[PDB]
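As a basis for the values below, the full set of heavy atoms in this structure was taken, side chains included, without hydrogen atoms, waters or symmetry mates. Every chain is numbered from 1, with letters handed out A, B, ... down the list of sequences.
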Amino acid sequence: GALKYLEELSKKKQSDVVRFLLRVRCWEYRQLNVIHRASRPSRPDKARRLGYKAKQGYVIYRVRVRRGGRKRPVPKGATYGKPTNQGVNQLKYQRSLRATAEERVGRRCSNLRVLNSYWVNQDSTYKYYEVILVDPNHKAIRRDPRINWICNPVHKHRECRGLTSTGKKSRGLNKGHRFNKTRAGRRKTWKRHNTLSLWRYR
Amino acid sequence: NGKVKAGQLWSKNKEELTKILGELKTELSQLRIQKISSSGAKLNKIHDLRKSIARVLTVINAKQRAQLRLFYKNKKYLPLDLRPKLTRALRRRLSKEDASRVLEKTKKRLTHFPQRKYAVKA
Amino acid sequence: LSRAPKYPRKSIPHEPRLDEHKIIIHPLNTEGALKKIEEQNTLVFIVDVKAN
Amino acid sequence: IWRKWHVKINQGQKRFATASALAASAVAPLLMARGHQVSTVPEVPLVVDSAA
RNA sequence: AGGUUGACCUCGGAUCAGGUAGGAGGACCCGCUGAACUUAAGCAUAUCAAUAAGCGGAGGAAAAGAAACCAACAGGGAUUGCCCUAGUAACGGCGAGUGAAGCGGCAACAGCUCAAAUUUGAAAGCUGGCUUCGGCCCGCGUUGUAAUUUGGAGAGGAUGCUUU
């Protein structure tokens, strides 16, 4: 197959051919809309390994998001409480720009379910992602057992609840001692550790 | 008079049902003026004609909907009022066949190694 | 193209919501109506609020 | 509701008290002092045939 | 006819054919955002608190989940929860304070699907329309839909029995 060659070529992002393609594609995507439908994945190997199939009901949407940190919406950019010794310019959003992109694409297409998303390009101002979406109401989707789990109502807006890949990465859902506080849910673990259990025959 | 039984209405067809509806509406319109002109036992009668009009309309609507269901018995798309109501989530739920579809590898595994019936001696 | 639906959305067309039995309720029995009958050739009725 | 409602008791003390109550149930003065009408009872403790 | 006739690609229109989303509820759940009163003699670390308020998204449970795990043993073996570990290891102005996890016992247990392969002796796959219900069409798709394989393996052989 050709996708092995595409994977090994996509690993080399500083080669002349890949840099040229990224430059011209960044120009095209910057003169397109912020959120717009892609007719086909521009990285077919990445889309295929993330779950895209050339079947009716699979949609690709391209999106650009402004990169960098976040700012608190306070008047005049200043807080009127205790001194925090830091400015609002250096506050970091706890989710990824990829997750923000998936949320905006889902709000644009509220009738689809977000499956996954992948990085395609970036510049100084924006980061560019392509988001795979699946139509739960399409008969080709509903008849296929490999994908019809997404038609169930428990998978409504996975990108809004952190059930996509970037959501799992931001929630820290990994096994081991490095993820003691977050592997089963951070707030659930906190409530479990802070509950006071009193038994009858204590 | 004016209290039309539903058992009589269930045998009529459309045109004489509309005729009965018209005559009940006419007599009701007359007896409202009789009510505002004098007091008598006609109030029981206007109540009876109101319920009779309700019965006639119910019978006509039921026969119309039964005929429409017979017409749409074998068609793919039905009108939204003739489609089953259930709930919104139940209508959006997957069908039983799509929920019971399995992959062919799973079909082979369940064909050649299902759950057996076994017992263990003590 | 104009719409050519494969199924009607409403199976039964609804009846006239404002028909004449609902339009005319009852006449007026007050002395104003009774004076207008003889002096004006005018009949006074109480009608539906939605009727023109 | 997180008041302490139940009492945890040693099982040995429970068994001790049950044995003491069984021993006290075989004392005919204690039955009368506790209020039972056992004046017509033929014998204490009263054992009836299991065939009945 | 070639200044013509078409094929793709991309982007549009339509009250086109069929669908879907919004709001409510929000006790419990998954996230984001995020205080101060209070406690530290007062007080910018700290504490309250990764809480209240605010915002987004589900279900009858949600979430997590079949190891890029724990361990260092004669090794355990997806996830969740209870008891214990344990007020312990550890962190902490001028200290008020904070604080897990492995093992162990128990409740309950259940395992799997893709991408990376050429079906190449035959896209074998699928949405929709019309049906006389046999099928026939318009298409999607080779920039890859079926079968096969998922590391516990598997692909190729060899071999002789079992299975539906």
Under 4.0 Å, heavy atoms only, any strand: does [X] hit a base, just the sugar-phosphate, or nothing?
X: A:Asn85; value: sugar-phosphate
X: C:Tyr7; value: sugar-phosphate
X: A:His157; value: sugar-phosphate
X: A:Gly1; value: sugar-phosphate
X: A:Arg161; value: base
X: A:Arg146; value: sugar-phosphate
X: A:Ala2; value: nothing

Based on whether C1'-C2'-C3'-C4' is positive or negative, which pucker family does [N] belong to?
N: E:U33; result: north
N: E:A74; result: south
N: E:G152; result: south

Provide, to the nearest angstrom, the distance between the [atom1] atom belonging to [X] and the [atom2] atom belonging to [N].
X: A:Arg202; N: E:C83; atom1: CZ; atom2: P; result: 13 Å
X: A:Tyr52; N: E:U145; atom1: OH; atom2: P; result: 9 Å
X: A:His155; N: E:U113; atom1: NE2; atom2: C1'; result: 13 Å
X: A:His177; N: E:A67; atom1: NE2; atom2: P; result: 19 Å

A:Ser165 and A:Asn116: side-chain donor and acceptor closer than 3.5 Å?
-> no

With a 3.5 Å cut-off and no angle check, do the side chains of A:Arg95 and A:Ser170 form a donor-acceptor pair?
-> no

Watson-Crick or G-U wobble partner for [N], using a 3.5 Å limit on both distances?
N: E:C114; value: none
N: E:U143; value: none
N: E:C106; value: E:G81

Would you please confirm or rule out a distance under 4.0 Å between OP1 or OP2 of [N] and any side-chain N or O of [X]?
X: B:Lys105; N: E:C114; result: yes
X: A:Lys168; N: E:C30; result: no
X: C:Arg9; N: E:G18; result: yes
X: B:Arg92; N: E:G19; result: no
X: A:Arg113; N: E:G57; result: no

Cation-pi between A:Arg23 and A:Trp27: NZ/CZ under 6.0 Å from ring centre and within 45° of the ring axis?
->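 No; the conditions do not both hold, so A:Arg23 does not lie above the ring face of A:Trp27.
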
Distance under 6.0 Å and angle within 45° of ring axis: B:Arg83 vs C:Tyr7 = yes

Could you tell me if [N] and [M] satisfy the stacking criterion of six-membered ring centres under 5.5 Å apart and ring planes within an angle under 30°?
N: E:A52; M: E:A53; value: yes
N: E:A67; M: E:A68; value: no
N: E:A35; M: E:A36; value: yes
N: E:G95; M: E:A96; value: yes
N: E:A124; M: E:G125; value: no

For [N], does the glycosidic angle fall within 90° of 0 (syn) or outside that (anti)?
N: E:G102; result: syn
N: E:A158; result: anti
N: E:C94; result: syn
N: E:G81; result: anti

Quick one: do [X] and [Y] make a salt bridge, cutoff under 4.0 Å?
X: A:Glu7; Y: A:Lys4; answer: yes
X: B:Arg101; Y: B:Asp98; answer: yes
X: A:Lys46; Y: A:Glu130; answer: no
X: A:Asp144; Y: A:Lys53; answer: no

Both distances under 3.5 Å and Watson-Crick or G-U wobble geometry: does that hold for E:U98 with E:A7?
->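 Given the Watson-Crick and G-U criteria, E:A7 is not paired with E:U98.
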
Relative to the ring of A:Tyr29, is the ring of A:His36 parallel (under 30°), tilted (30 to 60°) or perpendicular (over 60°)?
->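 Taking A:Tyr29 first and then A:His36, their aromatic rings sit tilted (interplane angle of 30° to 60°).
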
Considering only the [atom1] atoms, how many Å lie between [N] and [M], rounded to the nearest integer?
N: E:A110; M: E:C126; atom1: P; result: 34 Å
N: E:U162; M: E:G134; atom1: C1'; result: 41 Å
N: E:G99; M: E:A153; atom1: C1'; result: 44 Å

Has B:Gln67 got more than 12 heavy atoms of other residues, nucleotides or ligands less than 6.0 Å from its CD?
-> no

On which side of the base pairs, major groove or minor groove, is a side-chain atom of A:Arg187 found under 5.0 Å from a groove atom?
-> major

Which nucleotides of nucleotides 125-135 of chain E have their base under 4.0 Å from a protein heavy atom (B), which only their sugar-phosphate (S), and which neither (-), written as one string 5' to 3'?
-> -SBSSS-----

